[PDB]
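Chemist: Before I ask anything, let me first share the structure, which is written out below as structure tokens.
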Amino acid sequence: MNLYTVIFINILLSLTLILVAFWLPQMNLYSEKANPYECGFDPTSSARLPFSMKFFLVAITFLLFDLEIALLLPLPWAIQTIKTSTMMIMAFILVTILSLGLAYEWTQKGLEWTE
Amino acid sequence: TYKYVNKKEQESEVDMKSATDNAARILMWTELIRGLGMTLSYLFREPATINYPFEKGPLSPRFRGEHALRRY
Amino acid sequence: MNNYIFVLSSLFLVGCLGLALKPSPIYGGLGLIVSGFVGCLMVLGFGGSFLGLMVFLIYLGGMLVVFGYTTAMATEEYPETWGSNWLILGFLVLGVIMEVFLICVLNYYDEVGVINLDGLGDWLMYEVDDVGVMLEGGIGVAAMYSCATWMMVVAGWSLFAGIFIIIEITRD
Amino acid sequence: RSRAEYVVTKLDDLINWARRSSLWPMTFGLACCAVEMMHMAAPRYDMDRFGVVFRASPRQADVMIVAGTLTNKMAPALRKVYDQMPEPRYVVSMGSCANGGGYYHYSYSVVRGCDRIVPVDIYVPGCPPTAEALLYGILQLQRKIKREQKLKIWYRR
Amino acid sequence: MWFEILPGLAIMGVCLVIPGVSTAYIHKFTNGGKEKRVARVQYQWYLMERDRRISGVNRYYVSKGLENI
Amino acid sequence: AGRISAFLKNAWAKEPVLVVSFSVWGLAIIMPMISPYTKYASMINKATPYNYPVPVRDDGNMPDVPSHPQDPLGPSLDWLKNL
Amino acid sequence: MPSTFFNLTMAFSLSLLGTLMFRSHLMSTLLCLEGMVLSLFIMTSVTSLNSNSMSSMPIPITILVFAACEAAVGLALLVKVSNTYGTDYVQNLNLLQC
Amino acid sequence: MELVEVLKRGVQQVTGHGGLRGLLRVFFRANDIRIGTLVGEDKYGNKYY
Amino acid sequence: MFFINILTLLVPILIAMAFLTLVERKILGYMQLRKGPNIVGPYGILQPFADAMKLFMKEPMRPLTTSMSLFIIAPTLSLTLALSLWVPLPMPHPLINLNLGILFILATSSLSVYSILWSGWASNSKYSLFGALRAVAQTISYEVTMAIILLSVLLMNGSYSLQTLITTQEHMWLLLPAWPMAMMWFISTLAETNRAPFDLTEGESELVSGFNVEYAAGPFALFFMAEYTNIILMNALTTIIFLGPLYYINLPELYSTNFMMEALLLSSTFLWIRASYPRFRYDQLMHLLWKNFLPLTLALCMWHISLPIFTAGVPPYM
Ligand SMILES: CCCCCCCCCCCCO[C@@H]1O[C@H](CO)[C@@H](O[C@H]2O[C@H](CO)[C@@H](O)[C@H](O)[C@H]2O)[C@H](O)[C@H]1O
Ligand SMILES: CCCCCCCCCCCCO[C@@H]1O[C@H](CO)[C@@H](O[C@H]2O[C@H](CO)[C@@H](O)[C@H](O)[C@H]2O)[C@H](O)[C@H]1O
Ligand SMILES: CCCCCCCCCCCCO[C@@H]1O[C@H](CO)[C@@H](O[C@H]2O[C@H](CO)[C@@H](O)[C@H](O)[C@H]2O)[C@H](O)[C@H]1O
Ligand code: SF4
């Protein structure tokens, strides 16, 4: 109950500041004020057009590496096992293959951003 | 007469000593620590700020300011 | 508090309805983040802890990549929201109405079958070992390191092979 | 006057003090006059000790300091970034070029004073004004803001 | 001079001690003068619930010694 | 093996991070195999009693099972007390 | 439990309906697959907790591991589609009718 | 030891402005509590140090 | 009483944040041979309040190209998450005692990036989109190693509970056995807080103001309040993990005083670092993390699995 209570208060405080910030100040809306900023000149296109991602391969590698750490985060419970040798070999093998995967991608220039 | 600003390319062999000194410099961020030392040394220096408008920047008799018309 | 888990599973249902309508993937990505959070709460509510926090953490990472991919490869001049198209909005409202109807009718016909609005909160936790110590879900997951090592061998291989797979797919 | 008028007057002071004490100019400089603006930020004068902080975004700026010559080609862009400052906003015209065209007043390519493009609160003379002369003008803007009576005028409407 | 930075630091320092100190004192005030009980595992929760049930006042932190048997 | 020594020396000067990573990885594998304390880690996990030790019915043919927890029979923990 | 599992199965059905009823973006469909994965994760996790089946808790984690591999391949394919056509629209992927 | 010298100069600055009111006046008007030699005063009341 | 305890956490943390804006500006000033604020209040101690009042009295932007729901939500989410990160912190007793408090921190911190991503996207301007896509890259850079660094440390803790770290360090800072991870952890918290030399999502010399460029007035203040609150949080976390403040069961306030001193010091080094270095290029941050930290982090994770087994030093479960 307590965790729910404090997070609601955190939400409540943030939303109150937003309401104050939008209803206290004097406003003056006109078109030139609300147009998008681009260093004093008009944009030549939408900001909604495609924006190329040069690190796209690192990005999807990160998806796999993020499930690798998910497999590592039970380790504090796993070190309590009687089967210490089995746990240790499994953890060593898991870390080593992930290193080999990173090493391969590194030597394939998979960490280099595209030009 | 001229001098080279970045021609220190007398490539030499590396001992264990120098390789370890290079290793320590990379792994322990030693030149980055020297940067922090410099900014730390300024922290304890007296600032150059004057208390304008109670204090003023020095000027000279030649200073060119607001015009006036004079008399005898 | 007797309605707590039903409310959460009801929120989860709405999130998947929003995703199913497929607005711009920007809002689809947001829909999965909220559903992931609601899904974490349900796992917690049933006595979970590690599993709920894992799936939220994994989906927080997963949708960040999808955000990056969306801005590069799945964007239009006017990205669609749930309200932008009257047809999508209507099926959002109709879908929510059909949820209330489906739960209402099923409650009437059986009363204790799939829907048991009279008994909500009485059948969440069934048995609990009151004086136990080693019971948290992380202990169960950790059996991959000792008793279920085959599960970890296949999981590790798929991530390892995945690196070689995605490098091959993406090279020109 | 009344206690409701006294309270309104003290509130004017408080909001005025807040805007005096946190003036954020745009990172915006046109020519040689901008060099003296750098010297006002530099350690001797340290504008930041008065609460004056450059921000690059017009959305996060309160003051525009027109620090240099305003050409015809630049005029629409200067008007754009002025319009994109949220209010309340202020303009300081700095130096002869911005004040009225200066050395280039008679040029085909120059706007004869930025006050043909934006409203101006303070005119700082000089070519360039010294860093200290600019600082004096900034402190004159603060005293102008100290005189604002927007809540008192609202009350008497 | 650098030591003029300290008024802000002291205000920061005071503000960062209050949360730790206030939480420790409010716990003792609301837990019968003792540390708030930590129930990491179900066994600890069971002991608290048993303490609440035998307390006579529905408070786990009101303890009963040999005077009760 | 003078060619490798120059190789390793250059790698140390120029790629020390990778040299440390491989050395640490190799040490982590080696150390459990040569350490005299490796055997105790499993024994300590085995001596932690998370569950109630259910007693056994005495059939008269259990010379090795203690009848009381302070009998001198059963597993001793003196090794851990003086570890 | 009864009502929660009904709602979770409905959540899977909606995500599958989303998968089966394409709009234009391939990425929107890839998100629907992640929705089905998410529903199945919670269903497996809640079942294991409700039955106190601690030996089955590895299985929900393995569901996410292979789903991550499936999602990574899906995104990798989507890069290829976008490179060919400049969008991820599925109507362009029609050369194999003849 | 040298710290004590510094703190004593702080006591001179803090008590050398004409009591508490005089210290508050200069501290809040000028944001400075240094003591200097009085060089003079003009007819308007400005004091030069 | 629990509501009073919420106040005596949130309010002092928000005042500590406000005065960190003052301390930063004075420390940076003095390292630059300036003074910084010394007029608005005695020694500038009212300057934060003036900036706060100014911003909330300013007209907030309603740009025309903006998608307004996410535009409002993102700064709201930013401050909520920043405040929420404090509730499980044991100083030495937390407001909320969590069994997996470290995992709570990672999940909450990981949701915090979406405030940057959505604000930049929702603003629908080019410089804000640039800032959002740098946040995508930033998280990919550091999040890959931050959890493994934590994992290795907590194999000496034996749990994800923050309060257990106090007992783990009863006789020694975790810095001593884990200083190489502490170094990598410290760089990660700089990137995690978008602080210099990794202040890339804002990076004003390149993107004007990046993700928040279209934001004005009070909504802008929420991002700033959230950033300065997080700086204190991450350093307080570094203090509890690696610099175990002295704990005595009969003198809890001693822990709080020692905690504050070390946390104040670690926050000062954040401001000191900002004054000293140039900015990374955002592709270079990715290479720093993935080609230097990640190899060593993986080796050290293997070493810290190996260590408790071969020294028989497995920490207790409870
Ligand atoms: C291709 C991937 C390659 C990377 C993977 C390599 C994995 C190989 C690991 C080799 C190291 C195994 O190290 C092994 O550790 C175990 C405990 O863990 C030690 O085992 C020792 O202690 C255990 C307790 O834990 C006792 O029960 C056992 O009788 C005793 O032998 C072994 O003596 C040692 O040989
Ligand atoms: C997206 C959000 C969706 C919100 C969904 C709706 C939330 C509200 C749930 C309503 C369902 C029934 O909710 C509530 O269930 C409890 C069981 O716990 C019933 O329980 C109570 O009333 C019924 C008889 O009327 C009996 O069981 C008993 O007298 C008492 O326990 C309540 O009468 C009913 O109102
Ligand atoms: C072609 C590719 C496949 C080859 C590569 C994979 C090689 C196999 C490696 C995984 C080995 C798993 O090895 C298997 O481990 C399990 C525990 O996990 C052991 O299981 C044993 O202990 C468990 C503990 O609960 C008992 O319940 C079980 O009855 C008993 O058999 C098996 O006896 C052993 O066969
Ligand atoms: S007024 Fe003088 S100094 Fe300023 S921009 Fe013009 S020419 Fe240069």
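Values quoted throughout were computed directly from the atomic coordinates according to the rules given, and no laboratory measurement underlies them. A quick note on method: Cβ atoms are made from the backbone with ideal geometry, for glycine too, and the neighbour counts reach across all protein chains shown.
Chemist: Report, by chain and number, residues whose modeled amide H sits under 5 Å from the one on D:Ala67, excluding near sequence neighbours (fewer than 5 apart, same chain).
Modeler: Amide H to amide H, under 5 Å and 5 or more residues apart or across chains, D:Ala67 pairs with D:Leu30.
Chemist: Continuing with this model, one more query. With each label point set 7 Å from Cα along the Cα-Cβ vector, what nm distance links C:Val128 and D:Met38?
Modeler: 6.8 nm
Chemist: Please sort by residue number the chymotrypsin sites (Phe, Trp or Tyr not before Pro) in the range A:19-89 whose DSSP state is loop and whose Cβ has at most 14 other Cβ atoms within 10 Å.
Modeler: A:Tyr30, A:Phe41
Chemist: Using a Cα-Cα cut-off of under 27 Å, which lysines could be cross-linked to E:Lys64, ignoring same-chain neighbours fewer than 8 residues away?
Modeler: E:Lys28, E:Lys34, E:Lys36
Chemist: Could I ask something else about it? Considering only DSSP states other than H, G, I, E and B, which chymotrypsin sites (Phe, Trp or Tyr not before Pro) in the range G:1-71 qualify as loop sites with at most 15 other Cβ atoms within 10 Å?
Modeler: G:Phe22
Chemist: Here is a follow-up. Between D:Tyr90 and residues 5 or more places away or on another chain, which pairs have amide H atoms under 5 Å apart, with H built 1.01 Å from N, and which residues are they?
Modeler: Correct list: D:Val63, D:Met64.
Chemist: Here is a further query. Is the shape of chain F rounded, prolate or oblate, going by the alpha carbon gyration tensor and its root eigenvalues a ≥ b ≥ c, with a/c under 1.5 for rounded and a/b larger than b/c for prolate?
Modeler: Prolate.
Chemist: Using a Gaussian network model of chain D whose springs link C-alpha atoms within less than 10 Å, name the residue from D:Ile138, D:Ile15, D:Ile65 with the highest mean-square fluctuation.
Modeler: Largest GNM mean-square fluctuation: D:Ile15.
Chemist: So, one more: Where Rh denotes the Kirkwood radius from the mean inverse Cα pair distance, what is Rg over Rh for the range D:109-157? Before the final figure, lay out the partial values.
Modeler: Working: Rg = 15.1 Å, Rh = 13.2 Å.
With Rh from the inverse mean 1/r over Cα pairs, Rg/Rh is 1.14.
Chemist: Here's a follow-up. Can you run phi through the Karplus equation (6.51, -1.76, 1.60; θ = phi - 60°) for the range B:32-49 and list ³J(HN,Hα) in whole Hz, with x for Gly and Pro?
Modeler: 5, 5, 4, x, 5, x, 5, 5, 4, 5, 6, 3, 9, 8, 5, x, 7, 6
Chemist: Too long at a 29 Å Cα-Cα cut-off: which of G:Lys80/I:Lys291; D:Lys10/I:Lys58; B:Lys56/I:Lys26; D:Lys152/I:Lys54; D:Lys146/H:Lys8?
Modeler: Working: G:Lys80/I:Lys291 27 Å; D:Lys10/I:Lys58 19 Å; B:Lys56/I:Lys26 22 Å; D:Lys152/I:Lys54 19 Å; D:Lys146/H:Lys8 39 Å.
Going by Cα-Cα distance, D:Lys146/H:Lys8 fall outside the 29 Å limit.
Chemist: Follow-up question, since we're still on this one. Only loop residues by DSSP count here, and only those with at most 13 other Cβ atoms within 10 Å; note down the trypsin sites (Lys or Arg not before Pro) in the range B:1-39 that meet that. Show your work: numbers first, answer last.
Modeler: On the way: sites: B:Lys3, B:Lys7, B:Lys8, B:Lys17, B:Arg25, B:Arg34; in loops: B:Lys3, B:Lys7, B:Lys8.
Those that pass, being in a loop and sparsely packed, are B:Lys3, B:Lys7, B:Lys8.
Chemist: Still on this structure: Considering only C-alpha atoms, what is the centroid distance from the range I:234-289 to the range D:67-83, in Å?
Modeler: 45 Å
Chemist: Take chain C, mark every one of the GluC sites (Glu not before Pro) that falls in a DSSP loop and has at most 12 other Cβ within 10 Å, then report the longest stretch left between them, sites excluded.
Modeler: C:1-76
Chemist: Right, another one. What translational diffusion coefficient, to the nearest whole µm²/s, does chain E have by Stokes-Einstein, given a Kirkwood radius computed over alpha-carbon pairs, a temperature of 4 °C and 1.567 mPa s viscosity?
Modeler: My calculation gives 86 µm²/s for D.
Chemist: Still on this structure, I have one more. Skipping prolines and chain starts, which residues have an amide H placed within reach, meaning under 5 Å, of the one on D:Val124, given they are 5 or more residues away or on another chain?
Modeler: When sequence neighbours closer than 5 places are left aside, the close amide H contacts are D:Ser93, D:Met94, D:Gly95.
Chemist: In whole Å, what is the distance between the alpha-carbon centres of the range G:47-98 and the range I:60-91?
Modeler: 31 Å
Chemist: Give the shape of chain C as rounded, prolate or oblate, defined through the alpha-carbon gyration tensor: a ≥ b ≥ c are the square roots of its eigenvalues, a/c under 1.5 means rounded, and otherwise the shape is prolate if a/b is larger than b/c and oblate if not. Can you show the working numbers first?
Modeler: Working: a/c = 2.66, a/b = 1.04, b/c = 2.55.
Judged from the Cα gyration tensor, chain C comes out oblate (a/c at least 1.5, b/c at or above a/b).
Chemist: Just from its helices, what would the mean residue ellipticity at 222 nm be for the protein assembly as shown, if runs of 4 or more DSSP H residues each count -39500 (n - 2.57) and the sum is divided by every residue, rounded to the nearest 500 deg cm²/dmol?
Modeler: Details: 42 runs with 673 residues, N = 1133.
Result for the protein assembly as shown, helices only: -19500 deg cm²/dmol.
Chemist: Near D:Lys150, within a Cβ-to-Cβ distance under 12 Å, what is the net charge of the other residues, with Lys and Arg +1 and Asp and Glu -1?
Modeler: Result for the neighbourhood of D:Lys150: +1.
Chemist: Shifting gears a bit: Would you mind pulling out the separation of the Cα centroids of the range C:63-94 and the range I:1-50, in Å?
Modeler: So the two Cα centres are separated by 42 Å.
Chemist: Based on the alpha-carbon gyration tensor of chain I and its eigenvalue square roots a ≥ b ≥ c, which shape applies: rounded if a/c is under 1.5, prolate if not and a/b is larger than b/c, or oblate?
Modeler: Values: a/c = 1.73, a/b = 1.37, b/c = 1.26.
Note, shape of chain I comes out prolate.
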